[PDB]
Every structure is written in C-alpha cells, then in structure tokens.
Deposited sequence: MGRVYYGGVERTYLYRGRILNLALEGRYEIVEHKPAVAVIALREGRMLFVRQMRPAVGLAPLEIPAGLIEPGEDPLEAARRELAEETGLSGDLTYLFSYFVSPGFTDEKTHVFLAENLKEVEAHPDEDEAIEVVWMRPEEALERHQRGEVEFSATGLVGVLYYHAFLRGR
C-alpha cells in the first residue's frame, strides 16, 4: 500500500513499506543532428547547482502523448519543428522514482518560431569536453551523444 508524505507540483513522495518512492510525470527528450552538430540545451538546474548539457526535453502534460510532448518541447525550447521518430524509453532511476523518459529522433528541422540556452555542438566535442571535466551531462544529453556515435555517423 502507498502512503503519501508529500503531494507536489512535479513530484509526490510516498512510502511503500520500507521503500521511499518519488512519483514523477513521464518525460520526453529529442535527439536532433544538423550539419554534424547535435542540438543540446542548457539551463540552470537548482537541484544540481549547475547547467548540464542536455537535449530538448520536458514533462508530458495532461492530454498529451509522448510524440506531442516531444513536438512541443522542441518548439518551446528551440523554436524548431521536425519529423519525429520514436526510438526507445528508459526509467531514469527505478530504485526510487517512476519517471520514464521517451526518446525521439528529429529530422528535417525547420524554424517555426523566432531560460534555455541552445547549444549546437558536435557530439564528439561534447564527449571530449565532458572527458576533460569542462561539462556535465544529463542522462538525456549522454543518451543523445551515445546514440549518435552508435547509429548516426557518416
């Protein structure tokens, strides 16, 4: 049985027996390549006290499905639209939260619209900068870099 200690905005905290559980909305993330650069974003993240390298991402809102949320976050964070394909999903940290992230690929980007910093960067350079301690990754940023190296080169 789940017992709730806190019901919030972007999370609930519950106990189930001995387990501490954070309920959290599902999320999306969008991998986009153009001219060899990946579309990263950065924003101040108070939970970690720095701005990691991420890809466009956000929470799925009421009424939306993952594809719709991915379209919305790409537009809202970067002003772009594209042709979206679902790739895969993952639980961010299933030892304590149910947050599930749905990852899409965007192709054929177009500007639809003239907090969030847009950081186009070659994924090889993002990985080198991280290896040298210059930038941190979110899970979504690291997934984008690894997916590119696995499946999008040449």
query: Stretches with no C-alpha atoms in the model, relative to the deposited sequence starting at 1; finding: 1-9, 124-129, 170
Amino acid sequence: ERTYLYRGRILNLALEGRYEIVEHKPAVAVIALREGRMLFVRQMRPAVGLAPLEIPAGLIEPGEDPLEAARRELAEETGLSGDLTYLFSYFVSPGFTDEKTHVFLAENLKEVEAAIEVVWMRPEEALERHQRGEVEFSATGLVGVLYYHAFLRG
From here on, numbers count along this sequence of modelled residues.
| property | result |
| --- | --- |
| Comparing 61-69 with 105-113, the one whose average Cα B-factor in the PDB entry is higher | 105-113 |
| Residue range whose averaged C-alpha B-factor is higher in the record, 6-14 or 139-147 | 6-14 |
| Residue, from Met44, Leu53, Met121, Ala29, that the PDB entry assigns the highest Cα B-factor | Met44 |
| Entry-reported Cα temperature factor of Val48, expressed as the chain third it lands in | highest |
